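Count residues from 1 along the sequence. Whatever order the structure lists them in is the order used to number ligands and atoms, beginning at 1.
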Amino acid sequence: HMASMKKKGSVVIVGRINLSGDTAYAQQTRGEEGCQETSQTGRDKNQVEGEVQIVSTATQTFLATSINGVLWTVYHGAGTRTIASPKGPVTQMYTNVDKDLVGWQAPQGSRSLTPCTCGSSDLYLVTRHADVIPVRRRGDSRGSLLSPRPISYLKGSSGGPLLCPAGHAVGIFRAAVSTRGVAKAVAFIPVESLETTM
Ligand SMILES: COc1ccc2nc(C)c(O[C@@H]3C[C@H]4C(=O)N[C@]5(C(=O)NS(=O)(=O)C6(C)CC6)C[C@H]5/C=C\CCCCC[C@H](NC(=O)O[C@@H](C)C(F)(F)F)C(=O)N4C3)nc2c1
Ligand SMILES: [Zn+2]
């Protein structure tokens, strides 16, 4: 009934991937209890830092990446959800189910990656465990892992970046191609398709 109709909560930033130093490592900034409350209220007062955020809903966790002032992630994780912010829920400014893509305005305090114009095919995928995985670009939206590994190690990393050697954003990780559970290739939204969307 209309009176009891529920509302879905906001996506919540629960951590980040620190790429500041010589060592990449994941940091948690909010635990599950505070995440659940922040998802219901949409009010997140935690300071945001960095380029790659770890984000969560009530049921899923994945990544989100700031490029050119937009925090980008996957539609299959975020759906049409708002993201929590210090002033309350923030509505998506980009939504494209056909690309598996959504975006919100980048949060105050975040740093944005620069869109790559190098035209290089030697990429690096950043996962939610702060693994930096070499990927050879194989097409507009795909790349092969130089060292395959079980898909388990990539689960939860959709929305993370593929980067060029210079640290520019080349795309947003969206799917993994596997054989017998072994990830051999990845699919991603290329930054040009984001720059198109923008
Ligand atoms: C609902 O409206 C839409 C609109 C457009 C969509 N567009 C795609 C693309 C899609 O795909 C789905 C999800 C995605 C996936 O799993 N993403 C990763 C991930 O981590 N998600 S997540 O963070 O854990 C999560 C779920 C919390 C968000 C990186 C994976 C890591 C491991 C993979 C685990 C096994 C799933 C393999 C599958 N392979 C695939 O689809 O390959 C395509 C190219 C094929 F089939 F053609 F080869 C695949 O990767 N996904 C299957 N759902 C869409 C849904
Ligand atoms: Zn580049």
Atom 48 (F) of ligand 1: the protein heavy-atom neighbour that sits closest, reported with distance to 0.1 Å: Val177 CG2, 4.3 Å

Heteroatom distance test (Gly156, ligand 1): nitrogen or oxygen, under 3.5 angstrom: yes

Which of the ligand 1 atoms, numbered from 1, are nearer than 4.0 Å to a heavy atom of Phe173: 29 (C)

Validation row: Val102, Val74 side chains within 4.5 angstrom (heavy atoms): no

Test item, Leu63 contacting ligand 1 (heavy atom, 4.0 angstrom): no

Sub-4.0 Å atoms of ligand 1 with respect to non-hydrogen atoms of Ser157: 20 (O), 23 (O)

Protein heavy-atom partner closest to atom 9 (C) of ligand 1 - residue, atom, separation in Å: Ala175 CB, 3.8 Å

Residue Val97 vicinity, atoms of ligand 1 by number, heavy atom under 4.0 Å: 4 (C), 5 (C)

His168, N/O/S atom nearest the Zn ion (ligand 2): ND1

Interfacing atoms of ligand 1 (cut-off 4.0 Å, heavy-atom, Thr61): 23 (O), 27 (C)

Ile13 vs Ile54 side-chain heavy atoms within contact, under 4.5 Å: no

Within-4.5 Å side-chain heavy-atom neighbours: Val14 and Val55: no

Beyond-backbone contact of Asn68 with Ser112, side-chain heavy atoms, under 4.5 angstrom: no

Within reach of ligand 1, part of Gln60 (heavy-atom separation under 4.0 Å): side chain

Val74, any N or O under 3.5 Å of ligand 1 N or O: no

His76, any N or O under 3.5 Å of ligand 1 N or O: yes

Nearest neighbour of atom 30 (C) of ligand 1 from the list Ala176, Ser152, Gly181, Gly77, on a heavy-atom basis: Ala176

Side chain to side chain contact (heavy atoms under 4.5 Å, CB included) evaluation trace for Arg136 with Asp122: CA-CA 5 Å; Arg136 174 69 181 185; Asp122 291 333; 2.9 Å; yes

Any donor-acceptor N/O pair, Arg81 side chain to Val11 backbone, under 3.5 Å: no

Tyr124 side chain reached by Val135 side chain, heavy atoms, under 4.5 Å: no

Ligand 1 to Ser158 polar contact by distance, N or O atoms, under 3.5 Å: yes

pair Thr179-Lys184: side-chain heavy atoms closer than 4.5 Å: yes

Qualifying residue, where the test is side-chain contact (heavy atoms from CB on, under 4.5 Å) with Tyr94 and the options are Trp72, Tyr75, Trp104: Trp72

Protein heavy atom under 4.0 Å of atom 15 (C) of ligand 1: yes

Protein non-hydrogen atom found under 4.0 Å from atom 45 (C) of ligand 1: no

Polar contact flag, side-chain donor to acceptor under 3.5 angstrom, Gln60-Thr57: no

Sub-4.5 Å side-chain heavy-atom contact between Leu145 and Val186: yes

Under 3.5 Å side-chain donor-acceptor pair for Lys99 and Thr197: yes

For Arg174, atoms of ligand 1 separated by under 4.0 Å from a heavy atom: 14 (C), 15 (C), 17 (N), 18 (C), 29 (C)

Flag for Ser10-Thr82: side-chain donor and acceptor within less than 3.5 Å: yes

Atom 35 (C) of ligand 1 - nearest protein heavy atom and its distance: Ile151 CD1, 3.9 Å

Per-residue contact class, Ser178 against ligand 1 - non-hydrogen pairs under 4.0 Å: neither

Nearest-neighbour protein heavy atom for atom 3 (C) of ligand 1, which is reported as residue plus atom name and distance: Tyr75 CD2, 4.0 Å

For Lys155, the ligand 1 atoms whose distance to one of its heavy atoms is below 4.0 Å: 20 (O), 24 (O), 31 (C), 32 (C)

Heavy-atom proximity to atom 8 (C) of ligand 1, best of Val186, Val55, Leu101, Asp100: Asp100

Heavy-atom protein neighbour under 4.0 angstrom from atom 42 (O) of ligand 1: yes

The single option from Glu195, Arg137, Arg142 passing side-chain contact (heavy atoms from CB on, under 4.5 Å) against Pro190: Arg137

Distance flag for atom 25 (C) of ligand 1, protein heavy atom under 4.0 Å: yes

Any protein heavy atom nearer than 4.0 Å to atom 12 (C) of ligand 1: no

Qualifying residue, where the test is side-chain contact (heavy atoms from CB on, under 4.5 Å) with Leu125 and the options are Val132, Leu154, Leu163: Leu154

